[PDB]
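Colleague: Sequence below, structure please.
(one chain, ligands or ions: 2)
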Amino acid sequence: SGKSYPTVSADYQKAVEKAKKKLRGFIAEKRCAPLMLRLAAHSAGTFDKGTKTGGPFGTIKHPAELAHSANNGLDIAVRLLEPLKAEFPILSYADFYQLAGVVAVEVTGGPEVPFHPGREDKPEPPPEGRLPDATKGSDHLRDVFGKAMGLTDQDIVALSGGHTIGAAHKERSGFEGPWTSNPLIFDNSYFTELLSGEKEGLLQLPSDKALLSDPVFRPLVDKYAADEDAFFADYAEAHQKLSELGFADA
Ligand code: HEM
Ligand code: NA
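Modeller: Residues are numbered from 1 along each chain as shown. Ligands and ions are numbered 1, 2, ... in the order given. Next comes the structure:
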């Protein structure tokens, strides 16, 4: 909503479609879906609505942005995609990385997140420090997702569910381990685990836990744990919005 998507040529659209297929095979084979989803979200999550700066505009490939502490390990993601990107010179890096995130959700069994091409690659990375801090709580989440990005409380909880795939690594964030028993399967297990309490072998970040105690976030955790279809619907909505921050009249 509020979006006017740009026209791209037929050749551009053809390349999107071909790149989508190549990304499915590559991501599935390399077992890197969680890392690609992180790459897409960290690219998008820097958007500040008040200044219209940052966002999903290809800047995460910049050595300067990769160097941000919140981006530890994403240099691997960028390197992994470079040979594929080279097969699609017509596409912006901006579009390619968001497409990789959409594909990451799909190949792990998640919802089909709508994708619209046309993001332009911007020259300057945003300032460091805009991405969410895992050690903080509900006020912080609203500052970053709501005040900066312009997303809703519903979008915050749904997007937190992205942790249903993947794991933290002690050499990247310092945190360690998967949120779920099935880290390459996209489902509502993140919320199920968040509710059941701490289980050995599984991770919960303070930021994950903050969902449980917030008056608005908690009913959403409950809904998603009870209804995976509702989670998938809200997740697809939220991911689309995230992937489109600052893009197509924002
Ligand atoms: C809600 C606020 C968030 C916080 C505090 C947060 C924090 C973190 C941290 C600390 C890690 C571990 C990085 C590492 O050590 O490898 C991580 C990983 C991850 N994040 Fe988030 N994140 C948030 C939101 C999101 C969103 C919105 C998405 C996408 C929708 C997402 C997707 C992922 C995925 C898939 C991984 C696992 C990556 C892998 O397996 O290598 N996260 N997150
Ligand atoms: Na899972």
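
Colleague: does the residue in the chain that ligand 2 sits nearest to count as helix, strand or coil?
Modeller: Here the chain gets closest to ligand 2 at one residue, residue 180, 3.6 Å apart by CB to the ion. For every residue, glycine as well, the C-beta is placed using N, CA and C. Here residue 180 is coil, with the state taken from DSSP: H, G, I helix; E, B strand; the rest coil.

Colleague: Pop out the phi and psi values for residue 139.
Modeller: Backbone torsions for residue 139, taken as degrees, to the nearest 10, come to phi -60, psi -50.

Colleague: Okay, strands next: where are they in the chain?
Modeller: When assigned using DSSP state E, the strands of the chain occupy the ranges 167-168, 177-178.

Colleague: Ligand 1 is nearest to which of those?
Modeller: strand 167-168 (3.5 Å; CB to the nearest ligand atom).

Colleague: follow-up on the earlier one: let me see the contact set for the residue of the chain closest to ligand 2.
Modeller: For residue 180, the contacting residues are 163-165, 187, 189-190, 193, 202, by CB atoms under 8 Å, 6 or more residues apart in numbering.

Colleague: In helices, which of those residues appear?
Modeller: Mapping those onto helices (DSSP state H) picks out 189-190, 193.

Colleague: among those, which are in reach of ligand 2?
Modeller: With CB under 5 Å from the ion as the criterion, the ones in helices among the contacts of residue 180 include residue 189 near ligand 2.

Colleague: Can you name the residues that contact residue 204?
Modeller: With CB under 8 Å, 6+ apart, residue 204 has these contacts: 179, 193-194, 198.

Colleague: ok, 10 Å please
Modeller: Contact analysis of residue 204 by CB atoms under 10 Å, 6 or more residues apart in numbering lists 163, 175, 177, 179, 190, 193-194, 197-198, 211-212.

Colleague: out of those residues, which one sits closest to residue 123?
Modeller: Checking the contacts of residue 204 against residue 123 with CB to CB, the nearest one is residue 163 at 31.9 Å.

Colleague: which residues does that closest one contact?
Modeller: 34, 37-38, 178-180, 183, 189-191, 193-194, 203-205, 207-208.

Colleague: what do you get for residue 85?
Modeller: Taking CB under 10 Å, 6+ apart as the test, what residue 85 contacts is 19, 61, 78, 91-93, 96-97, 100.

Colleague: Could you measure from it over to residue 177?
Modeller: Distance, residue 85 to residue 177, using CB to CB, to the nearest Å: 31 Å.
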